[PDB]
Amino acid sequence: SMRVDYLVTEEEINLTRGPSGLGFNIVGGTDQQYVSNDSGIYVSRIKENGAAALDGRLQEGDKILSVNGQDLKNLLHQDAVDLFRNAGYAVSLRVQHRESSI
């Protein structure tokens, strides 16, 4: 049973909220099909000195698959925003790091 990937492209990241939030910006959603050829919620910016920045693992361009196990597929942009806001202090993200079609 493989529990170690040759290439680590997907990752679970456990963040804790700071005073300014989780410390990243998102784009995407079912109402933002123009953003990507692979619809979902993406990290557009890691905020300088914020929670996500200090933690080190989240990257700009990450696709966030789920928050606390809740799939972000099928969500409007605003519905994703509300989810993050509703997630409490500790937040578990499952992400797919950037992968480019050539």
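One rule holds for the numbers: they count along the sequence shown, beginning at 1.
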query: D31 CA temperature factor, ranked by third within the chain; finding: lowest
query: Third of the chain's Cα B-factor distribution that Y89 belongs to, per the entry; finding: middle
query: Chain-wide C-alpha B factor ranking for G50, given as lowest, middle or highest third; finding: lowest
query: Relative C-alpha B-factor of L58, binned into the chain's lowest, middle or highest third; finding: middle
query: Third of chain Cα B-factors occupied by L76; finding: middle
